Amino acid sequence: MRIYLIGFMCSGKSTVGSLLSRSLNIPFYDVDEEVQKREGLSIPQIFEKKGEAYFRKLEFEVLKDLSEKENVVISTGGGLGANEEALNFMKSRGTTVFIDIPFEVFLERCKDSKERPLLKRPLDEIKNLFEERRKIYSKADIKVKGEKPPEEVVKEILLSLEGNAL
């Protein structure tokens, strides 16, 4: 079984993913972390040395490679999860799970590429992107409330997975 976690960077994908993989006895992997370890460069460092196109294509490649495993929980980056092609690929391999957080939570927890708190960046700079990426995230097989503590979100996912895929 392949389980994909999608949503904004500050939605707890990585943490919930680990807890989830532990309760299902399957390995956990985070695309961005794998992309960096493979290139030996930080994400920022990546679109610098190499263009972003090279990064956007790299993370998709990494996603596919990770998806060779039949049992695994894979957390995705903000953009990758908002990539419909990558999202459709994910559905053809397993269950996609959108850990949804409201705009106010996003604003207080997330940061931009320069690690600056979004709560201090101009609003118009990120409101449209949040609204648009969320429209793609919503296309997920399963959607759970990510405002809750990580352990509670895991129970939500498990309960959803249980009544599922019969």
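For every residue, the number given is its place in the sequence shown, counted from 1.
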>> Using only C-alpha atoms and the B-factors in the entry, which stretch averages higher, 101-109 or 36-44?
In response: 36-44
> Mean C-alpha B-factor higher for 26-34, or for 55-63?
Replying inline: 55-63
> Whose C-alpha has the highest temperature factor in the PDB entry: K127, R133, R121, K50?
Replying inline: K50
> Going by what the PDB entry lists, where does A165 fall on CA B-factor within its chain: lowest, middle or highest third?
Replying inline: highest
> Lowest, middle or highest third: where is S11 by Cα B-factor in its chain?
Replying inline: middle
>> Using the temperature factors of the C-alpha atoms in this entry, rank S92 within its chain: lowest, middle or highest third.
In response: highest
>> Test of reading the entry: by CA B factor among the chain's modelled residues, which third contains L5?
In response: lowest
